[PDB]
Amino acid sequence: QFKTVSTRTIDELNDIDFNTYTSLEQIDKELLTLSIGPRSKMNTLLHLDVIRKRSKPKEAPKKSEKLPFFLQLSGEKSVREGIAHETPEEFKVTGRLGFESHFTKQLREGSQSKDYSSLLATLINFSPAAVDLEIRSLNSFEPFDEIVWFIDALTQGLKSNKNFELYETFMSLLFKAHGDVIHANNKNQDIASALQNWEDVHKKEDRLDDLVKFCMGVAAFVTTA
Amino acid sequence: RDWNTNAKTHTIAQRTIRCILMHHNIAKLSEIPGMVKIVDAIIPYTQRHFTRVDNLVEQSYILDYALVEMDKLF
Amino acid sequence: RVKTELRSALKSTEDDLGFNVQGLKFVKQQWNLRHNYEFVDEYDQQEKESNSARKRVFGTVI
Amino acid sequence: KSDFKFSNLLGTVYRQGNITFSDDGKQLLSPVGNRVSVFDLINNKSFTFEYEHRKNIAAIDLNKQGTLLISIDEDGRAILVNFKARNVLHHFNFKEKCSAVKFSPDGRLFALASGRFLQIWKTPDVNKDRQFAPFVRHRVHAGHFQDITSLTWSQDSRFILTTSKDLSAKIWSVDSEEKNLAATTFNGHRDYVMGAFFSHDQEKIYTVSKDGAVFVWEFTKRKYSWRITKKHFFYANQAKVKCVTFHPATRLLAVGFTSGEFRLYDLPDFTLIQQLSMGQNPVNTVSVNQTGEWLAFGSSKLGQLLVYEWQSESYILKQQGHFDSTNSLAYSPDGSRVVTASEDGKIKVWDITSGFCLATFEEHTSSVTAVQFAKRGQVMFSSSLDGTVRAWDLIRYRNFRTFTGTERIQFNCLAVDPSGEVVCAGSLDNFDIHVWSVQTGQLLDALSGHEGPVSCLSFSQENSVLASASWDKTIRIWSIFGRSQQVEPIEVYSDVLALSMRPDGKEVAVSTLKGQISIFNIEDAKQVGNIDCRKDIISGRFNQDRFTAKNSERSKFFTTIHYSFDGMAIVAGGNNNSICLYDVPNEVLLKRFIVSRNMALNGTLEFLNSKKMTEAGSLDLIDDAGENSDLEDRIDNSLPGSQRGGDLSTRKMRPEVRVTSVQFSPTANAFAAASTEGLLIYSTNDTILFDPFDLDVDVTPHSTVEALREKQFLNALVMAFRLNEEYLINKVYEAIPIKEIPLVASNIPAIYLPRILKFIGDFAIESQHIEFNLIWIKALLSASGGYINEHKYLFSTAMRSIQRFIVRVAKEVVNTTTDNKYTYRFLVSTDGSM
Amino acid sequence: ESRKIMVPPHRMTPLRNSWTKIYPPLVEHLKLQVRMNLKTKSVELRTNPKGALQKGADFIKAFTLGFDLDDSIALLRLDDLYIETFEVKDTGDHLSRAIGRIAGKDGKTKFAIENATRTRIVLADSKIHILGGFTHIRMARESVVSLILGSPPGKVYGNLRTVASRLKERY
Amino acid sequence: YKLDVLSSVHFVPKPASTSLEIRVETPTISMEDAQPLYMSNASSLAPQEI
């Protein structure tokens with residue numbers, strides 16, 4: 001009643017002896033598969049501005065004036081696991097080599113090795129405020145490297161058919177945050193080719209579309225008529 | 001704008017909006033004085049028509065269901 | 001044959017419908033980030049948007 | 001079928017007691033009346049513990065391993081629960097009203113403030129078996145003179161700092177050797193000491209009192225002997241401190257007053273970080289996250305629960321429930337959320353999995369009597385006592401229609417068309433039925449012919465015939481549509497309350513005041529069969545009444561009944577604490593559920609303790625309200641002959657236990673009951689209860705995985721169906737390859753079709769394999785979608801659960817990828833130049 | 001073991017008048033010995049016999065850079081605080097009004113980005129120094145680089161609103 | 001209010017009031033309660049009201 005006992009015979013497939021089946025992560029590499037996580041993370045990512053605008057109180061709270069400016073940083077010594085309490089590890093771009101963040105360093109290293117698996121693991125790991133705050137700061141100014149590294153990282157991501165609703169919302173957050181600079185230097189060769197191969201992998205997503213169209217139409221017809 | 005309020009005369013409006021969008025400069029179209037009280041008028045009507053035509057595509061799969069029954073017939 | 005041609009016509013019209021939705025809201029949004037206003041404080045921002053919203057008055061029954 | 005267990009308790013996010021967070025503060029534990037609800041705030045879900053105190057609970061703590069909970073009620077009956085197994089480990093009766101219980105930070109001891117004794121016990125293991133006496137007493141200290149109001153452990157589990165109604169606070173070492181380090185008492189407050197905390201380094205001690213002073217105590221010299229170094233005051237004049245907490249690591253003192261206002265301070269400098277208000281009722285509980293980022297506040301009068309992050313000034317949730325005042329419920333046409341019509345005048349739309357309210361609607365100026373969905377979850381109708389029926393769009397959240405009569409009556413029940421052209425409503429003072437069009441707003445008709453108040457209305461869902469039933473002992477069937485104006489009155493033995501209608505519209509089941517549920521054929525107006533239910537009803541004895549529960553005529557009948565969606569069962573509830581469900585072919589009781597064991601509600605006990613009956617009256621009708629510490633609950637503002645008004649303070653009796661509405665879930669094998677404690681949700685689950693279907697000796701989990709390893713996939717699937725074991729069905733289902741989904745789905749036998757459909761529904765709502773589940777749905781609907789259409793009511797809850805998966809996760813994903821495709825085509829196909 | 005921090009002759013008189021609140025945390029909280037060379041216009045920090053010399057060097061180097069007294073004490077305490085220096089370098093056209101774009105009328109854009117990103121910025125002619133946490137410096141620097149490289153005021157102010165919210169948010 | 005509660009809310013309602021309501025446009029996300037989820041992301045004004 002408090003633990004689970006093994007239904008394995010005494011005398012004188014450990015999941016099947018403990019009556020469980022831990023559902024495997026994806027059944028086939030040619031099958032779309034959502035994230036192992038809450039379903040609401042997509043909606044939180046897609047509309048977290050209007051959700052927080054809802055969540056604000058109706059009038060401003062009464063603070064003091066002789067309040068310390070670095071109140072968020074002036075803790076003591078249960079440790080904070082946010083993007084604000086992040087320290088750098090171990091000659092002027094937006095993030096030097098001593099002041100690179102973990103996301104920007106892994107994005108650059110994946111651009112070297114042409115394998116963004118650790119980048120995508122960090123993206124699927126951290127929280128929606130951290131995701132918005134990392135995508136919103138992506139060096140959209142002179143040569144456009146960090147944008148195109150993010151785009152072909154998402155390409156390598158949704159080639160793998162896992163976490164794909166999150167890779168779709170990361171692309172939506174990219175187009176929302178600074179799709180205006182992509183529209184600005186449209187016909188730039190690197191960013192146009194990165195969007196080209198993203199569309200090359202992304203155009204095979206209508207399998208889900210006509211699959212849910214069939215299921216919706218025939219389910220409605222069978223239930224009503 | 002006022003052709004898009006029909007569900008009948010809306011396709012002509014969408015083709016004309018599309019050719020304006022793909023033949024003009026988007027910064028010019030935004031900074032023309034008066035082009036937000038029009039495009040805010042006709043974003044929700046295009047969304048209404050997208051919902052309606054998408055549901056037409058959704059209920060277009062009774063043909064596919066009837067075809068799979070007609071192939072199960074032997 | 002009817003299924004293929006009919007669904008091709010319907011997806012052909014909703015293609016430009018979706019194109020026009022995303023293009024027109026891009027136009028409106030780039031006009032907004034060009035010259036909407038300057039409020040960083042969320043309370044003054046939400047009161048500014050409530051004063052600049054679209055109002056319509058309705059006849060209710062109590 | 002009949003094996004329902006108590007799943008959930010919607011409504012009532014907080015009643016009385018202290019909020020607790022987890023250690024990794026993802027879930028918060030909230031004392032609802034005698035249950036405990038746990039809301040997981042990140043994985044958006046929620047559950048309620050099955051166990052049940054016999055009075056309202058007053059203290060909660062679980063250790064920071066997360067492994068066991070202890071809950072104490074308002075006369076000291078503790079219950080120790082295994083938090084992961086969700087089963088109760090021990091029942092331990094402390095003899096008097098315990099104000100606080102706390103586990104140590106190192107988990108191994110707990111202490112509690114029982115009266116004026118601080119008693120420390122040591123925690124039993126979760127790995128050990130249950131003993132006869134698992135708690136072993138460490139000590140019991142008595143140094144306070146009046147009751148202890150609070151505990152606080154130190155960071156190392158070495159000292160404990162307690163605060164009393166007696167105007168002091170004391171520090172006690174846990175073990176005897178450090179008795180000299182902790183022997184001081186902290187005087188100086190004018191009122192009750194509400195809190196006493198350490199600093200992070202355990203050098204300063206902050207003691208906060210009820211009048212509004214916080215004292216900083218330091219081990220200084222004026223030898224070294226715990227001076228008071230600074231007194232800070234809140235200067236809230238009329239209000240006074242109701243709850244205090246302190247996060248020592250972030251130096252954050254959070255204080256809630258009796259005026260709804262809470263202030264939060266950075267303590268040793270005493271700088272007001274923030275000050276804002278929950279409302280007008282007092283803040284009964286403040287609790288803080290382990291990282292100190294979230295603050296959960298509870299007010300007990302309106303039953304409301306905030307958790308609020310004070311850095312980003314924003315509410316994680318700001319919820320409020322309804323105790324005792326809930327008139328109706330209605331499931332959404334997919335069983336994802338429940339709409340609650342409540343007596344304080346409002347509609348509340350509660351998500352079922354995450355136990356929270358999404359939208360609330362206050363446009364009725366009186367008690368809302370009925371809610372009902374229509375147009376497949378797009379519109380929702382409600383009728384209230386202020387004279388109005390009104391309609392609610394659940395897209396744009398607008399009351400777009402309001403229907404009144406011409407006679408100024410108050411409406412008690414409604415019924416909408418299937419093809420929602422017409423709404424219909426009946427009153428308890430008018431004898432007519434009011435028929436409104438929904439498209440225009442006008443009063444289409446007033447049907448007349450009852451000679452008694454129309455108690456219940458329902459439209460048949462298939463042939464659209466109206467069935468009303470009234471207290472003139474008569475059910476009546478109106479053919480409204482198409483030139484008929486036909487009336488068929490069926491008489492019945494006694495006066496009717498709660499008619500209900502079959503999903504195919506063939507039959508109607510009425511509940512009568514005799515205590516029976518009669519079932520009639522509509523087209524040939526003759527009785528098909530009845531259930532005699534007044535002898536399997538648990539009618540408790542009230543405290544005030546002078547007649548036994550056997551001879552009472554208060555609640556031996558059902559005021560709300562509802563059909564199952566296969567048409568084969570009836571759930572039923574009334575003004576009694578039993579809800580009963582039956583199968584209408586055999587007219588026999590499947591199962592009876594005791595809806596409350598709270599002795600704080602009235603009609604729970606059938607036999608009242610004769611010790612409490614004295615030489616002049618019972619001892620529970622004596623009002624001990626002037627023995628209270630303050631005026632706002634010494635006040636009696638209960639006008640005398642009030643029953644079922646509003647504002648529980650204005651009725652002077654205990655809240656009776658009653659179920660006001662029952663409904664079955666349209667998608668998954670459950671029912672919701674609107675009791676006084678909340679929306680009780682009872683559901684089966686297939687993980688437990690081995691219930692096979694024609695297995696033989698050669699049908700075995702071993703045999704199924706041999707057939708799976710030998711890849712007879714259809715034989716493995718039907719072996720797992722004959723086992724009816726959820727893990728085996730899931731294992732075989734995931735092991736079948738995509739190449740031969742349609743061969744297996746075409747060769748599934750027709751008796752295993754509702755099992756695989758309801759499995760795919762309850763699996764695919766939360767499973768990640770979206771294309772796999774849609775491939776299976778497409779193969780099943782294509783291969784056997786004619787059998788479903790000719791056996792509609794068998795797959796009426798398994799197909800509604802499937803299109804709860806297609807439109808609610810799969811269509812949202814498809815919407816996102818569609819918007820990405822179109823934004824790509826715009827962003828690369830057009831001209832961005834300057 | 002010692003350090004020398006050269007005080008420029010535009011932050012010399014505030015150092016002398018607020019010197020009496022600078023050396024006490026340098027000589028009793030930190031246990032250094034401190035001299036002020038009036039000949040080289042420098043501050044010398046030597047270690048007595050009875051890893052804090054770099055803390056004192058950053059304290060007086062923040063004051064040297066242009067951050068005020070309480071801001072420098074905030075750098076001396078508060079271990080999670082850093083400070084990033086950069087010139088503009090990205091003349092009438094570009095140098096003489098990119099810094100006017102960082103400032104704005106009465107410095108309101110600089111005040112807004114300070115409050116939004118929870119850093120604080122001292123803006124010289126073309127030398128921008130930023131005192132904040134690591135992520136805070138990242139966001140304030142990204143916005144400063146943004147409005148020297150050309151972005152609309154609506155875009156940078158909307159990003160400032162958003163970054164204030166998401167930096168204060170748990171999850 | 002107290003006559004209704006004393007009368008045990010069997011009363012006779014207020015006669016009639018054709019009042020006048022102004023609704024601004026806003027997302028129905030923002031017209032909701034504070035919880036992690038949402039139910040509908042429409043705008044409170046119809047296309048024929050814009």
# chains A, B, ... in the order shown; residues from 1 in each chain; ligands from 1
>>> residues_around(residues="residue 52 (chain C)", least_positions_apart="2", cutoff="12 Å", atoms="only C-alpha atoms", output="list in words")
residues 36, 37, 45, 46, 47, 48, 49, 50, 54 and 55 of chain C; 24, 25 and 26 of chain F
>>> closest_atom_pairs(of="chain B", to="chain A", cutoff="6 Å", atoms="only C-alpha atoms", output="Markdown table")
| residue | atom | partner | partner_atom | distance |
| --- | --- | --- | --- | --- |
| B:58 | CA | A:213 | CA | 5.0 |
| B:59 | CA | A:217 | CA | 4.8 |
| B:61 | CA | A:214 | CA | 5.6 |
>>> write_last_selection(atoms="N, CA and C atoms", output="short mmCIF file (atom, residue, chain, number, x, y, z; two decimals), in the first residue's frame")
data_model
loop_
_atom_site.label_atom_id
_atom_site.label_comp_id
_atom_site.auth_asym_id
_atom_site.auth_seq_id
_atom_site.Cartn_x
_atom_site.Cartn_y
_atom_site.Cartn_z
N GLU B 58 -11.37 21.19 -43.34
CA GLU B 58 -11.56 20.15 -42.33
C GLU B 58 -12.70 19.22 -42.69
N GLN B 59 -13.86 19.76 -43.05
CA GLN B 59 -14.97 18.92 -43.45
C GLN B 59 -14.90 18.49 -44.91
N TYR B 61 -12.86 16.18 -45.71
CA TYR B 61 -12.27 14.85 -45.63
C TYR B 61 -13.30 13.75 -45.54
#
>>> atom_distance(atom1="CA of residue 73 (chain B)", atom2="CA of residue 803 (chain D)")
27.2 Å
>>> closest_atom_pairs(of="chain D", to="chain F", cutoff="7 Å", atoms="only C-alpha atoms", output="Markdown table")
| residue | atom | partner | partner_atom | distance |
| --- | --- | --- | --- | --- |
| D:315 | CA | F:34 | CA | 6.4 |
| D:316 | CA | F:35 | CA | 6.2 |
| D:317 | CA | F:35 | CA | 4.5 |
| D:318 | CA | F:34 | CA | 5.1 |
| D:319 | CA | F:34 | CA | 6.9 |
| D:356 | CA | F:35 | CA | 6.9 |
| D:357 | CA | F:33 | CA | 6.9 |
| D:358 | CA | F:33 | CA | 5.5 |
| D:359 | CA | F:32 | CA | 4.9 |
| D:386 | CA | F:13 | CA | 5.3 |
| D:387 | CA | F:13 | CA | 5.8 |
| D:395 | CA | F:40 | CA | 5.9 |
| D:396 | CA | F:44 | CA | 4.7 |
| D:397 | CA | F:28 | CA | 6.9 |
| D:408 | CA | F:13 | CA | 5.8 |
| D:409 | CA | F:12 | CA | 6.2 |
| D:410 | CA | F:13 | CA | 6.8 |
| D:639 | CA | F:6 | CA | 6.4 |
| D:641 | CA | F:6 | CA | 6.3 |
| D:642 | CA | F:6 | CA | 5.2 |
| D:643 | CA | F:8 | CA | 5.5 |
| D:644 | CA | F:8 | CA | 6.0 |
| D:645 | CA | F:5 | CA | 4.6 |
| D:646 | CA | F:5 | CA | 6.5 |
>>> residues_around(residues="region 57-73 of chain D", least_positions_apart="5", cutoff="8 Å", atoms="only C-alpha atoms", output="JSON, numbers by chain")
{"D": [16, 17, 18, 19, 20, 22, 23, 31, 32, 33, 34, 35, 78, 79, 80, 81, 82, 83, 84, 97, 98, 99, 100, 101, 102, 103, 104, 105, 106, 107, 126]}
>>> interface_residues(of="chain C", to="chain B", cutoff="9 Å", atoms="only C-alpha atoms", output="PDB file with N, CA, C and O atoms, in the first residue's frame")
ATOM      1  N   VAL C   2     -12.536  14.976 -57.847  1.00  0.00           N
ATOM      2  CA  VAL C   2     -13.227  16.066 -57.162  1.00  0.00           C
ATOM      3  C   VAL C   2     -12.528  16.426 -55.862  1.00  0.00           C
ATOM      4  O   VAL C   2     -12.356  17.610 -55.549  1.00  0.00           O
ATOM      5  N   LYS C   3     -12.073  15.418 -55.112  1.00  0.00           N
ATOM      6  CA  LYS C   3     -11.394  15.651 -53.844  1.00  0.00           C
ATOM      7  C   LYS C   3     -10.100  16.426 -54.037  1.00  0.00           C
ATOM      8  O   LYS C   3      -9.857  17.426 -53.350  1.00  0.00           O
ATOM      9  N   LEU C   6     -10.890  20.124 -55.466  1.00  0.00           N
ATOM     10  CA  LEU C   6     -11.585  20.945 -54.484  1.00  0.00           C
ATOM     11  C   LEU C   6     -10.673  21.325 -53.331  1.00  0.00           C
ATOM     12  O   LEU C   6     -10.641  22.490 -52.915  1.00  0.00           O
ATOM     13  N   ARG C   7      -9.906  20.363 -52.810  1.00  0.00           N
ATOM     14  CA  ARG C   7      -9.004  20.690 -51.720  1.00  0.00           C
ATOM     15  C   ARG C   7      -7.844  21.545 -52.190  1.00  0.00           C
ATOM     16  O   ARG C   7      -7.325  22.352 -51.410  1.00  0.00           O
ATOM     17  N   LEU C  10      -9.281  25.073 -52.175  1.00  0.00           N
ATOM     18  CA  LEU C  10      -9.491  25.606 -50.834  1.00  0.00           C
ATOM     19  C   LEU C  10      -8.172  25.930 -50.143  1.00  0.00           C
ATOM     20  O   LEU C  10      -8.061  26.949 -49.449  1.00  0.00           O
ATOM     21  N   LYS C  11      -7.151  25.093 -50.325  1.00  0.00           N
ATOM     22  CA  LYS C  11      -5.861  25.434 -49.743  1.00  0.00           C
ATOM     23  C   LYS C  11      -5.208  26.588 -50.482  1.00  0.00           C
ATOM     24  O   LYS C  11      -4.475  27.370 -49.872  1.00  0.00           O
ATOM     25  N   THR C  13      -6.885  29.211 -51.629  1.00  0.00           N
ATOM     26  CA  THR C  13      -7.403  30.468 -51.094  1.00  0.00           C
ATOM     27  C   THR C  13      -6.982  30.705 -49.643  1.00  0.00           C
ATOM     28  O   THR C  13      -6.691  31.856 -49.271  1.00  0.00           O
ATOM     29  N   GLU C  14      -6.859  29.656 -48.820  1.00  0.00           N
ATOM     30  CA  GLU C  14      -6.431  29.965 -47.461  1.00  0.00           C
ATOM     31  C   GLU C  14      -4.937  30.231 -47.360  1.00  0.00           C
ATOM     32  O   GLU C  14      -4.504  30.785 -46.344  1.00  0.00           O
ATOM     33  N   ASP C  16      -3.320  32.474 -49.343  1.00  0.00           N
ATOM     34  CA  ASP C  16      -3.224  33.919 -49.372  1.00  0.00           C
ATOM     35  C   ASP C  16      -3.962  34.566 -48.220  1.00  0.00           C
ATOM     36  O   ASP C  16      -3.576  35.665 -47.816  1.00  0.00           O
ATOM     37  N   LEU C  17      -4.975  33.897 -47.658  1.00  0.00           N
ATOM     38  CA  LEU C  17      -5.582  34.397 -46.423  1.00  0.00           C
ATOM     39  C   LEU C  17      -4.570  34.454 -45.282  1.00  0.00           C
ATOM     40  O   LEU C  17      -4.448  35.477 -44.600  1.00  0.00           O
ATOM     41  N   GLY C  18      -3.807  33.376 -45.084  1.00  0.00           N
ATOM     42  CA  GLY C  18      -2.820  33.366 -44.015  1.00  0.00           C
ATOM     43  C   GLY C  18      -1.646  34.289 -44.272  1.00  0.00           C
ATOM     44  O   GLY C  18      -1.124  34.920 -43.340  1.00  0.00           O
ATOM     45  N   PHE C  19      -1.217  34.378 -45.536  1.00  0.00           N
ATOM     46  CA  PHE C  19      -0.218  35.356 -45.950  1.00  0.00           C
ATOM     47  C   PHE C  19      -0.644  36.766 -45.591  1.00  0.00           C
ATOM     48  O   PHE C  19       0.139  37.536 -45.031  1.00  0.00           O
ATOM     49  N   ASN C  20      -1.890  37.119 -45.904  1.00  0.00           N
ATOM     50  CA  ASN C  20      -2.349  38.472 -45.649  1.00  0.00           C
ATOM     51  C   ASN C  20      -2.511  38.748 -44.170  1.00  0.00           C
ATOM     52  O   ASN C  20      -2.265  39.876 -43.745  1.00  0.00           O
ATOM     53  N   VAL C  21      -2.872  37.739 -43.373  1.00  0.00           N
ATOM     54  CA  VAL C  21      -2.941  37.932 -41.924  1.00  0.00           C
ATOM     55  C   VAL C  21      -1.570  38.281 -41.372  1.00  0.00           C
ATOM     56  O   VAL C  21      -1.402  39.295 -40.676  1.00  0.00           O
ATOM     57  N   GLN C  22      -0.561  37.480 -41.719  1.00  0.00           N
ATOM     58  CA  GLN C  22       0.760  37.718 -41.147  1.00  0.00           C
ATOM     59  C   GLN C  22       1.405  38.977 -41.700  1.00  0.00           C
ATOM     60  O   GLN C  22       2.069  39.703 -40.954  1.00  0.00           O
ATOM     61  N   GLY C  23       1.146  39.304 -42.962  1.00  0.00           N
ATOM     62  CA  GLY C  23       1.702  40.517 -43.517  1.00  0.00           C
ATOM     63  C   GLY C  23       1.074  41.768 -42.947  1.00  0.00           C
ATOM     64  O   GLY C  23       1.773  42.734 -42.639  1.00  0.00           O
ATOM     65  N   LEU C  24      -0.247  41.767 -42.774  1.00  0.00           N
ATOM     66  CA  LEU C  24      -0.905  42.960 -42.269  1.00  0.00           C
ATOM     67  C   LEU C  24      -0.613  43.174 -40.799  1.00  0.00           C
ATOM     68  O   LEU C  24      -0.453  44.320 -40.362  1.00  0.00           O
ATOM     69  N   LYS C  25      -0.490  42.100 -40.024  1.00  0.00           N
ATOM     70  CA  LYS C  25      -0.107  42.326 -38.644  1.00  0.00           C
ATOM     71  C   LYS C  25       1.369  42.656 -38.505  1.00  0.00           C
ATOM     72  O   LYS C  25       1.732  43.352 -37.557  1.00  0.00           O
ATOM     73  N   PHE C  26       2.212  42.264 -39.466  1.00  0.00           N
ATOM     74  CA  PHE C  26       3.575  42.784 -39.486  1.00  0.00           C
ATOM     75  C   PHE C  26       3.601  44.274 -39.783  1.00  0.00           C
ATOM     76  O   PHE C  26       4.396  45.007 -39.188  1.00  0.00           O
ATOM     77  N   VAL C  27       2.778  44.726 -40.734  1.00  0.00           N
ATOM     78  CA  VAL C  27       2.726  46.143 -41.087  1.00  0.00           C
ATOM     79  C   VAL C  27       2.281  46.972 -39.890  1.00  0.00           C
ATOM     80  O   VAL C  27       2.920  47.972 -39.530  1.00  0.00           O
ATOM     81  N   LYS C  28       1.213  46.527 -39.225  1.00  0.00           N
ATOM     82  CA  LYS C  28       0.720  47.215 -38.035  1.00  0.00           C
ATOM     83  C   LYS C  28       1.739  47.178 -36.904  1.00  0.00           C
ATOM     84  O   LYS C  28       1.944  48.182 -36.214  1.00  0.00           O
ATOM     85  N   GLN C  30       5.080  46.905 -37.139  1.00  0.00           N
ATOM     86  CA  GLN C  30       6.251  47.731 -37.379  1.00  0.00           C
ATOM     87  C   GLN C  30       5.898  49.209 -37.339  1.00  0.00           C
ATOM     88  O   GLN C  30       6.736  50.018 -36.941  1.00  0.00           O
ATOM     89  N   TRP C  31       4.653  49.569 -37.651  1.00  0.00           N
ATOM     90  CA  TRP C  31       4.200  50.930 -37.382  1.00  0.00           C
ATOM     91  C   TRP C  31       4.152  51.209 -35.888  1.00  0.00           C
ATOM     92  O   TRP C  31       4.477  52.319 -35.448  1.00  0.00           O
ATOM     93  N   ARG C  34       7.591  51.542 -34.606  1.00  0.00           N
ATOM     94  CA  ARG C  34       8.140  52.802 -35.070  1.00  0.00           C
ATOM     95  C   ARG C  34       7.669  53.943 -34.180  1.00  0.00           C
ATOM     96  O   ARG C  34       8.486  54.625 -33.555  1.00  0.00           O
TER      97      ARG C  34
END
>>> closest_residue(among="C:51, C:8, C:32, C:60", to="chain E", atoms="only C-alpha atoms")
C:32
>>> decode(residues="region 43-54 of chain C", atoms="N, CA, C and O atoms", output="short mmCIF file (atom, residue, chain, number, x, y, z; two decimals), in the first residue's frame")
data_model
loop_
_atom_site.label_atom_id
_atom_site.label_comp_id
_atom_site.auth_asym_id
_atom_site.auth_seq_id
_atom_site.Cartn_x
_atom_site.Cartn_y
_atom_site.Cartn_z
N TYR C 43 2.21 50.00 -15.13
CA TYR C 43 0.92 50.56 -14.74
C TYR C 43 0.55 51.74 -15.63
O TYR C 43 -0.59 51.82 -16.11
N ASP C 44 1.50 52.64 -15.89
CA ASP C 44 1.23 53.73 -16.82
C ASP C 44 1.04 53.22 -18.24
O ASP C 44 0.24 53.78 -18.99
N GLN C 45 1.71 52.12 -18.60
CA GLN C 45 1.50 51.52 -19.91
C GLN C 45 0.09 50.97 -20.05
O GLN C 45 -0.58 51.23 -21.06
N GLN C 46 -0.40 50.23 -19.05
CA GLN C 46 -1.73 49.65 -19.16
C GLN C 46 -2.81 50.71 -19.06
O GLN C 46 -3.85 50.58 -19.73
N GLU C 47 -2.58 51.80 -18.32
CA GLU C 47 -3.57 52.87 -18.33
C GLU C 47 -3.56 53.64 -19.64
O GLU C 47 -4.61 54.09 -20.11
N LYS C 48 -2.39 53.75 -20.29
CA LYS C 48 -2.31 54.37 -21.60
C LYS C 48 -3.04 53.55 -22.65
O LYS C 48 -3.78 54.10 -23.48
N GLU C 49 -2.87 52.22 -22.62
CA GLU C 49 -3.57 51.36 -23.57
C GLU C 49 -5.06 51.30 -23.29
O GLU C 49 -5.86 51.17 -24.23
N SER C 50 -5.47 51.41 -22.02
CA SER C 50 -6.89 51.47 -21.72
C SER C 50 -7.51 52.78 -22.17
O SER C 50 -8.68 52.80 -22.58
N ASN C 51 -6.77 53.88 -22.11
CA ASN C 51 -7.29 55.13 -22.63
C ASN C 51 -7.28 55.18 -24.15
O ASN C 51 -8.07 55.92 -24.74
N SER C 52 -6.40 54.43 -24.80
CA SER C 52 -6.31 54.44 -26.26
C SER C 52 -6.98 53.25 -26.92
O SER C 52 -6.82 53.06 -28.12
N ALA C 53 -7.72 52.43 -26.16
CA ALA C 53 -8.40 51.29 -26.74
C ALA C 53 -9.60 51.72 -27.59
O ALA C 53 -9.96 52.89 -27.67
N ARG C 54 -10.21 50.73 -28.23
CA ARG C 54 -11.44 50.92 -28.98
C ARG C 54 -12.62 50.68 -28.04
O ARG C 54 -12.72 49.60 -27.45
#
